[PDB]
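Report on the following structure.
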Amino acid sequence: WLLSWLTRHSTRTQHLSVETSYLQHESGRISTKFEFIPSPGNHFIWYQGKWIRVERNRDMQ
Amino acid sequence: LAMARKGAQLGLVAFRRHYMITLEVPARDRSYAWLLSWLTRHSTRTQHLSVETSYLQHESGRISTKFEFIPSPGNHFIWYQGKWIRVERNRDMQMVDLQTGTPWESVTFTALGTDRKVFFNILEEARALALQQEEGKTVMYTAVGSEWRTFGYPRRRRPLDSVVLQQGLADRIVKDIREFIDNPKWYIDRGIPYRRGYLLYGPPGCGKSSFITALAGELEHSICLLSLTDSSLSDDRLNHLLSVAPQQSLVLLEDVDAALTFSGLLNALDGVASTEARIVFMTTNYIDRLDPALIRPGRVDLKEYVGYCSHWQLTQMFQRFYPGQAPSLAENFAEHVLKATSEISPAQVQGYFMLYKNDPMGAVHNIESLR
Amino acid sequence: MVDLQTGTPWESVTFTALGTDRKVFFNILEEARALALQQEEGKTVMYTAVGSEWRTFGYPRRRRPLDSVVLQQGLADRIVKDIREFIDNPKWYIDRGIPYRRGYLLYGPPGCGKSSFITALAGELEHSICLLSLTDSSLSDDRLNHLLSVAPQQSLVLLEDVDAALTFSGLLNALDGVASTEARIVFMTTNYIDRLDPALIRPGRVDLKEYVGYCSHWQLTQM
Amino acid sequence: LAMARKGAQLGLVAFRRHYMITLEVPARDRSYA
Ligand SMILES: Nc1ncnc2c1ncn2[C@@H]1O[C@H](COP(=O)(O)OP(=O)(O)O)[C@@H](O)[C@H]1O
Ligand SMILES: Nc1ncnc2c1ncn2[C@@H]1O[C@H](COP(=O)(O)OP(=O)(O)O)[C@@H](O)[C@H]1O
Ligand SMILES: [Mg+2]
Ligand SMILES: [Mg+2]
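Chains as they are written, first to last, in the entry's author numbering: chain B, 1062 to 1122; chain C, 1029 to 1287, 1307 to 1418; chain W, 1123 to 1287, 1307 to 1364; chain X, 1029 to 1061.
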């Protein structure tokens, strides 16, 4: 929910990661749609208030 | 102090650069194959490559081995519409436990340009490649009691050009069925059951069951074969099986003339308490046993007769079984064939060419044996 | 660490060359494949129908070479050409609406090599065999239609002593069934051709009639 | 300071060699045998 809102709200973003939907229904029918979310790192977005620092970071766990 | 001040400024500059740069990272999301395959085709001149081996050991003693090459761990430089792009595939100290116990893999694409219209094309190209590589197959379903299960391997799609009927006879049915799939809102909004009826009738061996087999493969739909001569089939067995049919499928009935009763067939064909997106096809070798009121709109939305071979069917079938021949040979043949036979079904034309496979001119000189 | 198989270190092998041409490694991988495949030798796996299902029958037999069954000259090559033409041309059938199936009939005196040759032919083409004798007691009309409808890919169907044929009327959909799998080759063996109907051996059901006779002068020199 | 200066020049030369050097790596894809 959060990630979808981020992409919808910004509409103008640089670092993005690709998630692929492989809805291979058992009929030979393959349905593929692309859902875009921000990539590994930090982003800045504009809201009613001042610029907000958003960060998505990976760990060793 | 001096080093710390220099380091902080550098990092800030990189972030500003990142805004005017571009980064994409996919991690084991089944995008690797599509992206990587496009990369090798696009570069054509590459140094560091890794080998993935395909071991398609079909159970027949047959071992099939092919090598698929992809770039190795590290970085590469490619030339595109924009300025030179730095592509890197890098390994990490983290580990995946899901599939095979292998290192986590990250692929990063960094470009000089500030326009993001480029990658939309790149991803789509990979989808085109992956679907071009794979070939569609029609999945067949067989009723095992009250449920459906896959039957053998996915069969290869018989092309629609093989079943050769009169001109405009195949195109009129295609228009009706393509309209049904592309308009799901017109039905439910108006409370109409989202179902479409079709009937093909005629003498045996005309192509009633032949055409329906090839139509589903073109539309990327499955088929539910059902002969009305089974011994373990009853009335209650059939009502359930037609309600749990896979989506994007066509229901086929063979030799409806032997109807099971006629009065009990009403609620079976058009049941209000039934699923949506159901397409039914009906084939009967003898129309002289069905009631004319059975084929009205609501149950059958298009009546069409499938007759013997016409001149249009003979000229085209002669070119399928004997390609590369002169057009005049596909006129002397169709001329004398109809002159020696009053009525001839395609099943007899399909079997006659089996005596002279890939042997033109023999069919014109040996028409009298068909008496 | 690998947790999949055995708890071993993950292993990577690197080949590094100074030269700028990539023609070298293409040869290296190919030679390695040849070495491993030369060592192993293929075996023909035999399958037997136990009622309505299929089960393995004994161990994989050692492939009897095709030169062991010694028939007249040109008889082994004509059958190889006909069946290799069928396997290597799957597009010629479906495009023309013909069922992708091939019929074969072998007739002659008993003990001439009809069933012997079929054992060696599948080994040459690296195909399996589905043994089926026409003397079973639990076999009926519907029982045979099911077994013939799920054939393994790259396999040959064998029939023993077709002369003693289960009913004849129910055999029509069994021989040429529209609802059957693709890439299916059927073989028929009868020790007496004087019991089959002439309309039973037409194209569509039987695509090649072949007689197996006694030893000629050429066969004695080779044996 | 000294260490940082030396590393930058050396590392770049290797990258130039990477284009002029071919590499093949298989990883436990049943090609090891
Ligand atoms: N109109 C046609 N064009 C090409 N082939 C046909 C046609 N009609 C029938 N055939 C061939 O006849 C065979 C069986 O036809 P079938 O579907 O059993 O006829 P029906 O279902 O009308 O009794 C198939 O192998 C098919 O290729
Ligand atoms: N043409 C042949 N060449 C070599 N051996 C043969 C030949 N024909 C038959 N045999 C031998 O005969 C035995 C049984 O033959 P079989 O396959 O039962 O004959 P059929 O099946 O024609 O009745 C086998 O041991 C086989 O080695
Ligand atoms: Mg029919
Ligand atoms: Mg015998």
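Built from N, CA and C at the ideal position, the CB exists for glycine as well.
*Name the one or two DSSP bridge partners that residue 1251 (chain W) has.*
W:1168 and W:1278
*If residue 1228 (chain W) and residue 1236 (chain W) are in contact, beta carbons under 8 Å, what's the gap, nearest whole angstrom?*
4 Å
_If distances are taken between C-alpha atoms only, which option among C:1128, C:1243 and C:1182 comes closest to residue 1322 (chain W)?_
C:1182
*Rounded C-beta distance between residue 1179 (chain C) and residue 1170 (chain C)? I'm assuming under 8 Å.*
4 Å
_7 Å is my cut-off, CB to CB: does residue 1083 (chain C) come that close to chain X?_
yes
*For residue 1263 (chain W), is the classification buried or exposed, using 16 other Cβ atoms within 10 angstroms of its Cβ as the cut-off for buried?*
exposed
*Quick one: what does DSSP say residue 1220 (chain C) is sitting in, helix, strand or coil?*
coil
_Of the residues W:1215, W:1127 and W:1265, the one placed nearest residue 1128 (chain C), counting alpha carbons only_ = W:1127
*Thinking C-alpha only, which one of W:1148, W:1160, W:1130 and W:1193 is nearest residue 1359 (chain W)?*
W:1193
*asked:* In the DSSP output, which residue or residues are listed as bridge partners for residue 1083 (chain C)?
replied: C:1093
_To the nearest angstrom, how far is the alpha carbon of residue 1191 (chain C) from that of residue 1384 (chain C)?_
19 Å
*Can we say the stretch 1256-1274 of chain C touches the stretch 1367-1377 of chain C, given the rule of at least three CB pairs closer than 8 Å?*
no
*Report, in whole angstroms, the separation of the C-beta atoms of residue 1049 (chain X) and residue 1156 (chain W), which I expect to be a contact under 8 Å.*
Contact flag wrong, Cβ pair sits at about 27 Å.
_C-beta neighbour in chain C for residue 1115 (chain B), strict 7 Å_ = no
*Exposed or buried, residue 1052 (chain X), counting other C-beta atoms within 10 Å across all chains shown (16 or more means buried)?*
buried
*Does DSSP put residue 1067 (chain B) in a helix, in a strand, or in coil?*
helix
*Beta-carbon proximity check, residue 1353 (chain C) vs residue 1252 (chain C), cutoff 7 Å*: no
*Any beta-carbon of chain C closer than 7 Å to the one on residue 1038 (chain X)?*
no
*Is the beta carbon of residue 1404 (chain C) within less than 6 Å of some heavy atom of ligand 1?*
no
_For residue 1349 (chain C), tell me which candidate among C:1329, C:1062 and C:1382 has the shortest Cα-Cα distance._
C:1329
*Same chain only: Cβ atoms within 6 Å of residue 1362 (chain C), ignoring 5 sequence neighbours per side*: 1377 and 1381
*Are the Cβ atoms of residue 1320 (chain W) and residue 1275 (chain W) separated by less than 7 Å?*
no
*At least one CB of chain X closer than 7 Å to the CB of residue 1147 (chain W): is that the case?*
yes
*Does the Cβ-Cβ distance between residue 1088 (chain B) and residue 1250 (chain C) come in under 7 Å?*
yes
_Enclosing beta strand (DSSP E) for residue 1131 (chain C) [first to last residue]_ = 1131-1138
*Using CA coordinates, which residue listed in C:1144, C:1284, C:1154 and C:1078 is at the minimum distance from residue 1081 (chain B)?*
C:1154
_Taking only three categories from DSSP, how would you classify residue 1076 (chain B)?_
coil
*Counting Cβ pairs, one atom from each stretch, are 3 or more of them under 8 Å apart for the stretch 1205-1222 of chain W and the stretch 1141-1152 of chain W?*
no
_Closer than 7 Å between the C-beta and any heavy atom of ligand 2: which residues qualify, listed along the chain?_
W:1190, W:1191, W:1192, W:1193, W:1230, W:1232, W:1233, W:1234, W:1235, W:1236, W:1237, W:1238, W:1239, W:1330, W:1332 and W:1353
*asked:* Alpha carbons only, please: which of W:1204, W:1313 and W:1327 is nearest the one belonging to residue 1280 (chain W)?
replied: W:1327
*Confirm the yes/no value for this check: CB of residue 1219 (chain W), any heavy atom of ligand 1, distance under 6 Å.*
yes
*Are at least three pairs of beta-carbons, each pair with one atom in the stretch 1388-1406 of chain C and one in the stretch 1213-1221 of chain C, less than 8 Å apart?*
no
*Would you mind reading off the limits of the alpha helix (DSSP H) that contains residue 1359 (chain W)?*
1358-1363
_Taking 7 Å as the threshold (C-beta atoms), are residue 1106 (chain B) and residue 1098 (chain B) in contact?_
no
*Looking at chain X, which residues of the stretch 1125-1146 of chain W have a Cβ within less than 8 Å of any of its Cβ atoms?*
1132, 1133, 1134, 1135, 1136, 1137, 1138, 1139, 1140, 1141, 1142, 1143, 1144 and 1146
*DSSP on residue 1384 (chain C), reduced to helix/strand/coil?*
helix
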